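**Student:** Next up, query_37.pdb (PDB, C-alpha atoms and all ligand atoms).
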```pdb
ATOM      1  CA  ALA A   1     -10.909   4.918 -12.592
ATOM      2  CA  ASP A   2      -9.875   1.420 -11.535
ATOM      3  CA  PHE A   3      -6.295   0.332 -10.848
ATOM      4  CA  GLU A   4      -4.554  -2.931 -10.058
ATOM      5  CA  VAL A   5      -1.720  -3.660  -7.676
ATOM      6  CA  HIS A   6      -0.067  -7.088  -7.735
ATOM      7  CA  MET A   7       1.617  -8.934  -4.857
ATOM      8  CA  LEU A   8       4.926 -10.559  -5.812
ATOM      9  CA  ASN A   9       7.651 -12.643  -4.193
ATOM     10  CA  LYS A  10      10.301 -10.681  -6.088
ATOM     11  CA  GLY A  11      10.541  -7.433  -8.038
ATOM     12  CA  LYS A  12      12.945  -4.647  -9.004
ATOM     13  CA  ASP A  13      12.746  -3.396  -5.420
ATOM     14  CA  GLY A  14      13.812  -6.785  -4.012
ATOM     15  CA  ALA A  15      11.964  -9.464  -2.048
ATOM     16  CA  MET A  16       8.245  -9.266  -1.240
ATOM     17  CA  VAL A  17       6.797  -6.300  -3.160
ATOM     18  CA  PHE A  18       3.596  -4.565  -4.208
ATOM     19  CA  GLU A  19       3.763  -3.598  -7.878
ATOM     20  CA  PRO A  20       3.327  -0.697  -8.264
ATOM     21  CA  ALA A  21       4.233   0.263  -4.668
ATOM     22  CA  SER A  22       2.843   3.748  -5.116
ATOM     23  CA  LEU A  23      -0.327   4.938  -6.792
ATOM     24  CA  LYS A  24      -1.909   8.366  -6.999
ATOM     25  CA  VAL A  25      -5.647   8.236  -7.492
ATOM     26  CA  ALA A  26      -8.648  10.568  -7.617
ATOM     27  CA  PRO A  27     -11.334  10.408  -4.940
ATOM     28  CA  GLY A  28     -13.706   7.559  -5.769
ATOM     29  CA  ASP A  29     -11.120   5.563  -7.675
ATOM     30  CA  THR A  30     -10.621   1.901  -6.834
ATOM     31  CA  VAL A  31      -7.618  -0.346  -6.378
ATOM     32  CA  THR A  32      -7.802  -4.117  -6.627
ATOM     33  CA  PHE A  33      -4.961  -5.956  -4.921
ATOM     34  CA  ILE A  34      -4.269  -9.146  -6.836
ATOM     35  CA  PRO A  35      -1.802 -11.749  -5.572
ATOM     36  CA  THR A  36       0.413 -13.085  -8.352
ATOM     37  CA  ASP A  37       2.227 -15.484  -6.007
ATOM     38  CA  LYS A  38       0.808 -17.374  -3.028
ATOM     39  CA  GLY A  39       1.289 -16.234   0.571
ATOM     40  CA  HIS A  40       0.423 -12.507   0.410
ATOM     41  CA  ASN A  41      -2.311 -10.196   1.571
ATOM     42  CA  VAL A  42      -2.923  -6.467   1.983
ATOM     43  CA  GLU A  43      -3.894  -4.390   4.945
ATOM     44  CA  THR A  44      -3.637  -0.851   6.122
ATOM     45  CA  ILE A  45      -0.776   0.104   8.411
ATOM     46  CA  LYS A  46      -1.742   1.252  11.930
ATOM     47  CA  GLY A  47      -1.988   5.045  12.068
ATOM     48  CA  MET A  48      -1.287   5.447   8.342
ATOM     49  CA  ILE A  49      -4.630   6.269   6.809
ATOM     50  CA  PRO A  50      -6.534   9.558   6.678
ATOM     51  CA  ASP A  51      -9.225  10.897   8.895
ATOM     52  CA  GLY A  52     -12.363   9.757   7.161
ATOM     53  CA  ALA A  53     -10.872   6.451   5.976
ATOM     54  CA  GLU A  54     -11.516   2.942   7.281
ATOM     55  CA  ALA A  55      -8.878   0.293   7.898
ATOM     56  CA  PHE A  56      -8.959  -2.869   5.781
ATOM     57  CA  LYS A  57      -7.465  -6.349   5.625
ATOM     58  CA  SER A  58      -7.613  -9.121   3.061
ATOM     59  CA  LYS A  59      -7.172 -12.855   3.480
ATOM     60  CA  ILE A  60      -4.026 -14.542   2.251
ATOM     61  CA  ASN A  61      -4.335 -15.161  -1.543
ATOM     62  CA  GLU A  62      -7.547 -13.077  -1.845
ATOM     63  CA  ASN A  63      -8.222 -10.599  -4.657
ATOM     64  CA  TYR A  64      -9.307  -7.517  -2.748
ATOM     65  CA  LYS A  65     -10.910  -4.303  -4.012
ATOM     66  CA  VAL A  66     -10.938  -1.011  -2.111
ATOM     67  CA  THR A  67     -12.572   2.307  -3.011
ATOM     68  CA  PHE A  68     -10.553   5.346  -1.888
ATOM     69  CA  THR A  69     -12.446   8.594  -1.221
ATOM     70  CA  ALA A  70     -10.901  10.361   1.780
ATOM     71  CA  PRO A  71      -7.979  12.563   0.782
ATOM     72  CA  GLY A  72      -4.487  11.750   2.002
ATOM     73  CA  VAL A  73      -1.948   8.951   2.004
ATOM     74  CA  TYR A  74      -2.692   5.323   2.847
ATOM     75  CA  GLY A  75       0.133   3.065   3.995
ATOM     76  CA  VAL A  76      -0.431  -0.612   3.226
ATOM     77  CA  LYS A  77       1.484  -3.730   4.206
ATOM     78  CA  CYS A  78       1.445  -7.484   3.781
ATOM     79  CA  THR A  79       0.961  -9.319   7.099
ATOM     80  CA  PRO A  80       3.498 -12.189   6.693
ATOM     81  CA  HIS A  81       6.187 -10.106   4.938
ATOM     82  CA  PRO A  82       7.869  -7.290   6.889
ATOM     83  CA  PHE A  83       9.412  -5.292   4.040
ATOM     84  CA  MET A  84       6.336  -5.499   1.851
ATOM     85  CA  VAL A  85       4.704  -2.070   1.880
ATOM     86  CA  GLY A  86       3.140   0.518  -0.386
ATOM     87  CA  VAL A  87       1.285   3.825  -0.485
ATOM     88  CA  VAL A  88      -1.942   4.875  -2.170
ATOM     89  CA  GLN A  89      -2.529   8.617  -2.320
ATOM     90  CA  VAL A  90      -5.893  10.306  -2.876
ATOM     91  CA  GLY A  91      -5.608  13.840  -4.250
ATOM     92  CA  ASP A  92      -2.798  16.408  -3.954
ATOM     93  CA  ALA A  93      -1.168  17.822  -0.777
ATOM     94  CA  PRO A  94      -2.072  14.936   1.587
ATOM     95  CA  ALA A  95      -2.709  16.164   5.143
ATOM     96  CA  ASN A  96      -1.340  13.074   6.910
ATOM     97  CA  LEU A  97       2.014  12.876   5.127
ATOM     98  CA  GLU A  98       3.914  12.883   8.429
ATOM     99  CA  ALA A  99       2.051   9.776   9.663
ATOM    100  CA  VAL A 100       3.853   7.794   6.957
ATOM    101  CA  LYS A 101       6.994   9.878   6.452
ATOM    102  CA  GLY A 102       7.856  10.385  10.126
ATOM    103  CA  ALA A 103       7.209   6.785  11.198
ATOM    104  CA  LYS A 104       9.758   4.346  12.674
ATOM    105  CA  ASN A 105       9.606   1.047  10.770
ATOM    106  CA  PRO A 106      12.510  -1.292  10.005
ATOM    107  CA  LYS A 107      14.924   0.433   7.606
ATOM    108  CA  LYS A 108      13.816  -1.543   4.557
ATOM    109  CA  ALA A 109      10.096  -0.964   5.229
ATOM    110  CA  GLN A 110      10.635   2.727   5.947
ATOM    111  CA  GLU A 111      12.799   3.284   2.858
ATOM    112  CA  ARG A 112      10.135   1.691   0.659
ATOM    113  CA  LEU A 113       7.437   3.915   2.198
ATOM    114  CA  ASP A 114       9.608   6.995   1.812
ATOM    115  CA  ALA A 115      10.430   6.197  -1.836
ATOM    116  CA  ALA A 116       6.707   5.689  -2.516
ATOM    117  CA  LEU A 117       5.930   9.117  -1.027
ATOM    118  CA  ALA A 118       8.655  10.739  -3.135
ATOM    119  CA  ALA A 119       7.406   8.999  -6.311
ATOM    120  CA  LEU A 120       3.971  10.492  -5.544
ATOM    121  CA  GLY A 121       5.505  14.007  -5.683
ATOM    122  CA  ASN A 122       5.565  14.765  -1.956
TER     123      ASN A 122
HETATM  124 CL    CL A 201     -10.331 -14.068  -4.260
HETATM  125 CU    CU A 202       3.498 -10.207   0.906
END
```
Written as structure tokens, that's how I'd like the structure from this file.
**Tutor:**
Amino acid sequence: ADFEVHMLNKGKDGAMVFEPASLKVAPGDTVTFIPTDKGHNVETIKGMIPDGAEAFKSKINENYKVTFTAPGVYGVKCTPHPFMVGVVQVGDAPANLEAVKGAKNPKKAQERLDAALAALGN
């Protein structure tokens, strides 16, 4: 299955958001990150992807497709915007939940990550 995540200056969750900010996918599914407004990108957060997964980074304004196979949670961020974060989860019972959940980001970033994890049923 293929999914889309858009990058926005403003959403229900406030300034600088991924929409949706959480997505549960099956191994082999893809997500394309599509900027709706200028000035955004996507990249993995340091230490927040599974064993077996590779880090990634897009250019500002670039449509960027990633295939997710390794099970677990994947924290993503936007380089220029500090609060702009999201989580992609592959499978059930992710093994690296604590890497995201137990992290120490600014309050707004951490609350968005934590809400994403809860939305995903963790
Ligand atoms: Cl592009
Ligand atoms: Cu952004």
**Student:** So that I can see what lies close to residue A:13, please list as a PyMOL selection string the residues with an atom at most 10 Å from it, counting all atoms listed in the file and leaving out residues fewer than 5 positions away in the same chain.
**Tutor:** chain A and resi 18-19+21+84+112
**Student:** Just checking: using all atoms listed in the file, which residue out of A:39, A:50, A:20, A:14 ends up closest to residue A:80?
**Tutor:**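 Closest to residue A:80 of all the choices is A:39.
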**Student:** List the neighbours of residue A:100 out to 10 Å using all atoms listed in the file; skip same-chain residues closer than 5 positions along the sequence, and give me the result as a CSV table (one decimal) with C-alpha atoms, in the frame of the given file.
**Tutor:**
```csv
chain,number,residue,atom,x,y,z
A,45,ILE,CA,-0.8,0.1,8.4
A,46,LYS,CA,-1.7,1.3,11.9
A,47,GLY,CA,-2.0,5.0,12.1
A,48,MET,CA,-1.3,5.4,8.3
A,49,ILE,CA,-4.6,6.3,6.8
A,73,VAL,CA,-1.9,9.0,2.0
A,74,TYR,CA,-2.7,5.3,2.8
A,75,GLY,CA,0.1,3.1,4.0
A,87,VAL,CA,1.3,3.8,-0.5
A,105,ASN,CA,9.6,1.0,10.8
A,110,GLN,CA,10.6,2.7,5.9
A,113,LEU,CA,7.4,3.9,2.2
A,114,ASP,CA,9.6,7.0,1.8
A,117,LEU,CA,5.9,9.1,-1.0
```
**Student:** In Å, with one decimal, what is the gap from atom CA of residue A:3 to atom CA of residue A:34?
**Tutor:**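 Distance reported for this atom pair: 10.5 Å.
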**Student:** For atom CA of residue A:97 and atom CA of residue A:115, quote the distance in Å rounded to one decimal.
**Tutor:** 12.8 Å
**Student:** Taking all atoms listed in the file into account, name the residue in A:78, A:103, A:26, A:70 that is nearest to ligand CU 202 (chain A).
**Tutor:**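 Nearest to ligand CU 202 (chain A): A:78.
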**Student:** Just want the 12 Å neighbourhood of residue A:41, counted on only C-alpha atoms, with same-chain residues fewer than 4 positions away dropped. Output as an NGL selection string.
**Tutor:** :A and (5-9 or 16-18 or 32-37 or 56-65 or 76-82 or 84-85)
**Student:** Any idea what the distance is between atom CA of residue A:122 and atom CA of residue A:15?
**Tutor:**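 According to the coordinates, atom CA of residue A:122 and atom CA of residue A:15 are separated by 25.1 Å.
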**Student:** As a check of understanding, name the residues that the PyMOL selection byres (((chain A and resi 120) around 8) and not hetatm) selects in the supplied structure, as a ChimeraX atom specification.
**Tutor:** /A:22-24,89,116-119,121-122
**Student:** Out of A:93, A:11, A:86, A:40, which residue has the shortest atom-to-atom distance to ligand CL 201 (chain A) when counting only C-alpha atoms and all ligand atoms?
**Tutor:**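 Going through A:93, A:11, A:86, A:40 one by one, the smallest distance to ligand CL 201 (chain A) is for A:40.
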**Student:** Nearest to residue A:108: which of A:83, A:55, A:92, A:28 is it, counting only C-alpha atoms?
**Tutor:**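 Going through A:83, A:55, A:92, A:28 one by one, the smallest distance to residue A:108 is for A:83.
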**Student:** Taking all atoms listed in the file into account, which of A:91, A:54, A:109, A:98 comes nearest residue A:27?
**Tutor:** A:91
**Student:** Using all atoms listed in the file, which of A:95, A:101, A:88, A:29 sits nearest residue A:69?
**Tutor:**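 Of A:95, A:101, A:88, A:29, the one nearest residue A:69, counting all atoms listed in the file, is A:29.
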**Student:** Once 6 Å is added on each side, what are the centre and the three edge lengths, in Å to one decimal, of the axis-aligned box enclosing the listed atoms of stretch 109-116 of chain A? Present them as AutoDock Vina command-line options.
**Tutor:**
```
--center_x 9.8 --center_y 3.0 --center_z 1.7 --size_x 18.1 --size_y 20.0 --size_z 20.5
```
**Student:** Evaluate the PyMOL selection byres (((chain A and resi 66) around 6) and not hetatm) against this structure - the residues, as a list in words, please.
**Tutor:**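 For this structure, the PyMOL selection byres (((chain A and resi 66) around 6) and not hetatm) resolves to residues 30, 31, 65 and 67 of chain A.
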